[PDB]
Every structure is written in structure tokens, then in C-alpha cells.
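*Asks:* this one's structure only:
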Ligand code: SRM
Ligand code: SF4
Ligand SMILES: [K+]
């Protein structure tokens, strides 16, 4: 069961309702936060009455949860951008393949825009959103050894004033709907359609249908994709506490009652929560007077246990035991794998650094390994394809470095590479960029043509 939850914003009342159901009506008893800012129950022995009772709904609807940057540096931009993610979501509510959409607030690419079909990058002037740059065609799914499939980054179409948002959203969806491949579902996705007809052809059709002309792209840059773990000052006297939740798996573990702690917080919390695209949770809108109260609960429940910057920037998909398409472990492999990476980082004197590292259980790519600096793609039990060369902001697809290897083999490759980066990197140079500059891996410049060797 997966909930429709635009922007990952969930009230404390809704949380308490899902917390109950998770504990009493599912085999696993957990709340699993997903990387598309929503949650999932595993092993449901219905849920819809419960969701519906607190104003929630579980999603042939070929649409997925609409994402929205969760913790913007310019705190006041969230409300507006959130409002638009909600409107786009409702507007699109009832395609060849599933359609994924996001609303992004630079300089954060926490939502990983390049893994999505349609992206609206917020352009603000004087603290007010004035429009969006539209990027179309991202998608990460591939099939092992099938060179007709590929991960692709989204292409820039142009800028549009706020007023044309919904018309443009509708036009992209309908154009993809009509032009999408009408036979092979593995080529139905927008990324394939764009490559077949061309960005300019697709863009012109969208302008025709929307009844507008795109203006030139407005300047925007991204500085990162991680969450802002800990306390950050929001608007007024409000604060936001982002809690790192390993694999987004919320359950009470011996001596770390993560699930109970969150329930205790939801009961005294003023504002609401925000599920992030990094499978974490933000206790949003905490008045200064309440910080100590919230921090005490989070602290004692083990929700604020300090982890390395590395662990904070690593991600894995669900995979076994519940995913029927799983080829190798991901969520259950990540904790001990990062324990090992942490050692490597310490051994090389880069314990304060991080490499965006992701593990996906099979090539479908839910863990977003195809946008990581170091991506692990499951191929069989205990075996993964190792990809290197993405960047910190997620605008480049990592090329396959080694194929079908085991963890010990992976660790050995990384020990050597991290060693070289540690000593040969320029001031503030990321790992992915380093492997490409140092000639360790050739960059993927045009995925549709040079992703596969
Ligand atoms: C929970 C999540 C991974 C996580 O650990 O967070 C996940 C889990 C699953 N995904 Fe996904 N996907 C998740 C994000 C994505 C991502 C990343 C993203 O959207 O940001 C992708 C890659 C980008 C992309 O779409 O290209 C992704 C691409 C897929 C695909 C391949 C789609 C394709 O176009 O080929 C499938 C399989 C399919 O639909 O054929 C899939 C299928 C599935 C299913 C439902 C398996 C199935 O079809 O029966 C997995 C359920 C496993 C389980 O036991 O819970 N999932 N999946 C994410 C659910 C997000 C959500 O709330 O909607
Ligand atoms: S990438 Fe594969 S194994 Fe992981 S959750 Fe998605 S479908 Fe399952
Ligand atoms: K996490």
C-alpha cells in the first residue's frame, strides 16, 4: 500500500492514524518512507477507509507522487512551491508508462529531478515565485545488457510564467500519451519518446497544445541533494528538525524505539511532518519554545543518533524480502556496507567527506543508483554492477565500471579509488567528478547513445 502525498507533507493526526495501522494490521509493523516523499506499509493482512478517514488516499493510474523540495534555504518559498505541487497533483489525477513529476526549488536537487518525466524548477523574485523552467524526459530504468534501454537526464524546454503551469503540465502529459510507443512497454516512457521525435518537435507540440511560447530558461544552479540533518531556522520563530532515518524504515528496535518516538513527537508537535526524497523525516514548524521538548524525545528514541556524512548521503531501495523483482539485497545490505565504507573513509582521512552512494536491487533503479557518484545495481544474489562518475548534484549518469561483482570485490575497488581521490583531488572536488577528471571512467555525455560500452 502506497499513499498519494504531494510534497511529502503529512499532518500529525494523519501520522498517528498510519502509525496505528502499521503496527496492528501489517506483517512487518513498519512505516517505510519512500524516496518519492510518501510512505508504504508492508504485508497487509481496509486501509482505504483509514486513509480516507484522515483525508488520505492510496494511488490504472499511471501517475506517481508529485515531489517538492522539502526544506528550502529560503524557507518562505516552500508554501508556494508546495501549493503548486498539490495543484499539479490534483490536476493530473484521473498513459503508456507511469509519469513522474516534481517541483524543485534551487539550489537544492533533493528531489533528484533527472529521474523524472516532468520537472518544474521554481524561479523566484523578491521571495515570490514568478514562474518555472520546465525540464522533461528523465528516467532511470534499464534492463541488464539491453542496449535499447537507458537512463536519461531531463532536457530543458524553457521558462513559463506561473499562470501557464497547469496548461503546460497537461500538454506534456497528452503529448507523451499520444506519442508514446504503442507496442513495447519498455520504450513507452517519455525519455524514449523524446529521443525518437526530438526535443524541439516535442517542445513545439507542447507549445501548440498549451497555447503559449516558452521564454528562454531563467538561470538556476544546484549545490546539492542532501537533507539538512538537524535544526534549521525557518520563518518567524519556527525551526525544522530533520531526522536521519536509515532506509526510511520506521520500526521500534531494541533500545531505539524509532516508531514510538515519532508517535510521541506527533502527539505534542505543533505543525506537521515532511517526508523527504532521501527517505528521512522533517518535524516542521517547531516553535523555538518547543525545540527542547521535541529534541528530548527524538534524542532518547535514538532518532538523533549521530551518523557520518557518508551514511547521510547514501540510499538503497526496498528490495528483499518484499520486492518480487529483487535480484540482490539493497535496504538490508546498505547498513553494513556503509559500515565498511565508513572505515574506508577513515582509513583515507576523509571521514568528514561524503560520496553520493546508492544501491538499487535490480536495474529498475528505484534506489536511484543511476544518478549517484557511485551506484550499485543488483544483478544476482550478492552481485552488483558498479557504476562510477555521477556528480554530487545528480546531473550526470554514471557509466558501468565493473560488472557482476561481489561486496569484497566492490570494497577493494573503492579502497583504491577513495585512496586516490583523497590524495589527488583538487579543493572541494567531488569523488564522481574526480573519477572522470582522473580518467578512471569515461563520462556519459549523451545517455541514449553513449551509456553502454
Ligand atoms: C519504495 C521505492 C524504493 C525505495 O526504497 O524508496 C520503490 C519500490 C518499488 N518500485 Fe519503484 N520504487 C521507488 C522509486 C522509484 C524510482 C525513483 C524515483 O521515482 O524517484 C524509480 C526510478 C526512476 C524511474 O522511474 O525511471 C523507480 C522505478 C521503478 C520501476 C521501473 C519503471 C520503468 O519505467 O521501467 C518499477 C517496475 C515497473 O513498474 O515495471 C518499479 C517497481 C517498484 C515496486 C512497486 C515493485 C513492483 O512493481 O512490484 C517496488 C516495491 C518494492 C517494495 O517491496 O516496497 N519502480 N522506482 C520507491 C517508491 C516511490 C514512491 O513512493 O512512488
Ligand atoms: S530497484 Fe528492483 S529490487 Fe529495488 S525496489 Fe525497485 S524493483 Fe525492487
Ligand atoms: K534516509
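*Replies:* Perfect, thanks for sending it. Numbering: from 1, shown residues only. Ligands and ions are numbered 1, 2, ... in the order given.

*Asks:* only C-alpha atoms for contact and neighbour calcs from this point on.
*Replies:* Will do.

*Asks:* which residues of the protein fall in helices?
*Replies:* Here the chain has its helices, by DSSP state H, at 12-25, 47-53, 77-92, 165-179, 190-197, 199-210, 258-268, 291-300, 309-312, 334-347, 407-424, 431-437, 447-450.

*Asks:* which one of those helices lies nearest to residue 141?
*Replies:* helix 190-197 (10.2 Å; Cα to Cα).

*Asks:* what angle do helix 199-210 and the closest one make with each other?
*Replies:* Counting by axes from the mean of the first three to the mean of the last three Cα atoms, to 10 degrees, helix 190-197 points 110 degrees away from the direction of helix 199-210.

*Asks:* helix 190-197 versus helix 165-179: what angle between them?
*Replies:* On the basis of the same axes, to 10 degrees, helix 190-197 is oriented at 70 degrees to helix 165-179.

*Asks:* what distance do you get for the closest residue to residue 206 other than its chain neighbours to residue 92?
*Replies:* Spatial nearest neighbour of residue 206, chain neighbours left out: residue 171 (5.3 Å); criterion: Cα to Cα, 6 or more residues apart in numbering. Residue 171 sits 11 Å away from residue 92, taking Cα to Cα, to the nearest Å as the criterion.

*Asks:* same check on residue 379?
*Replies:* Counting by Cα to Cα - residue 379 and residue 92 are separated by 35 Å.

*Asks:* near ligand 3, which residues of the stretch 201-350 of the chain are found?
*Replies:* Within the stretch 201-350 of the chain, the positions adjacent to ligand 3 are 245-248, 279-280 by Cα under 5 Å from the ion.

*Asks:* and the residue positioned nearest the centre of the chain, its phi and psi?
*Replies:* Note on the chain: the residue nearest the mean C-alpha position is residue 277, at 3.9 Å, using Cα atoms, centre = their mean. Main-chain torsions, residue 277, degrees, to the nearest 10: phi -70, psi 0.

*Asks:* which bits of the chain sit near ligand 2?
*Replies:* Residues of the chain lying close to ligand 2 (Cα under 6 Å from any ligand atom) are 317-319, 323, 325-326, 360-367.

*Asks:* could you give the number of residues near residue 405?
*Replies:* When counting by other Cα atoms under 10 Å, one arrives at 17 neighbours for residue 405.

*Asks:* who touches it in this structure?
*Replies:* The contact partners of residue 405, taken as Cα atoms under 8 Å, 6 or more residues apart in numbering, are 382-386.

*Asks:* now those residues as JSON lines including neighbour count and distance to residue 129?
*Replies:* Shown next, in JSON lines, are those (neighbours: other Cα atoms under 10 Å; distance: Cα to Cα, whole Å):
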{"residue": "382", "neighbour count": "16", "distance to residue 129": "47"}
{"residue": "383", "neighbour count": "21", "distance to residue 129": "46"}
{"residue": "384", "neighbour count": "28", "distance to residue 129": "43"}
{"residue": "385", "neighbour count": "23", "distance to residue 129": "42"}
{"residue": "386", "neighbour count": "24", "distance to residue 129": "40"}
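
*Asks:* the nearest residue to residue 176 once chain neighbours are set aside - how many residues pack around it?
*Replies:* Ranked by Cα to Cα, 6+ apart and with sequence neighbours excluded, the top spatial neighbour of residue 176 is residue 190, at 6.1 Å. For residue 190, the count of nearby residues is 31 (other Cα under 10 Å).

*Asks:* just to revisit the earlier point, distance to residue 61 added to the helices of the chain, as a markdown table?
*Replies:* Shown next, in a markdown table, are the helices of the chain (distance: least, Cα to Cα, whole Å):
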| stretch | distance to residue 61 |
| --- | --- |
| helix 12-25 | 23 |
| helix 47-53 | 16 |
| helix 77-92 | 10 |
| helix 165-179 | 13 |
| helix 190-197 | 16 |
| helix 199-210 | 22 |
| helix 258-268 | 31 |
| helix 291-300 | 37 |
| helix 309-312 | 33 |
| helix 334-347 | 31 |
| helix 407-424 | 38 |
| helix 431-437 | 37 |
| helix 447-450 | 27 |
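
*Asks:* quick one, which of those helices is nearest to ligand 1?
*Replies:* Closest to ligand 1 of these, according to Cα to the nearest ligand atom: helix 190-197, at 9.0 Å.

*Asks:* report the buried residues of that closest one.
*Replies:* Of the residues in helix 190-197, 190-194 count as buried by neighbour count, 16 or more other Cα atoms under 10 Å.

*Asks:* could you do stretch 400-410 as well?
*Replies:* Buried-residue list, stretch 400-410, by 16+ other Cα under 10 Å: 400-401, 403-405, 410.

*Asks:* please name the residues that touch the residue nearest to residue 176.
*Replies:* Contacts for residue 190 (Cα under 8 Å, 6+ apart) come out as 117, 136-139, 176, 180.

*Asks:* from those, pick the one nearest ligand 3.
*Replies:* Using Cα to the ion, residue 139 is the member of the contacts of residue 190 that sits closest to ligand 3, with 21.4 Å.

*Asks:* what sits closest to the closest one if chain neighbours are left out?
*Replies:* residue 115 (4.5 Å).

*Asks:* hang on, isn't the one you found packed against residue 140?
*Replies:* Yes - shown here, residue 115 and residue 140 form a contact pair, counting by Cα atoms under 8 Å, at 5.6 Å.
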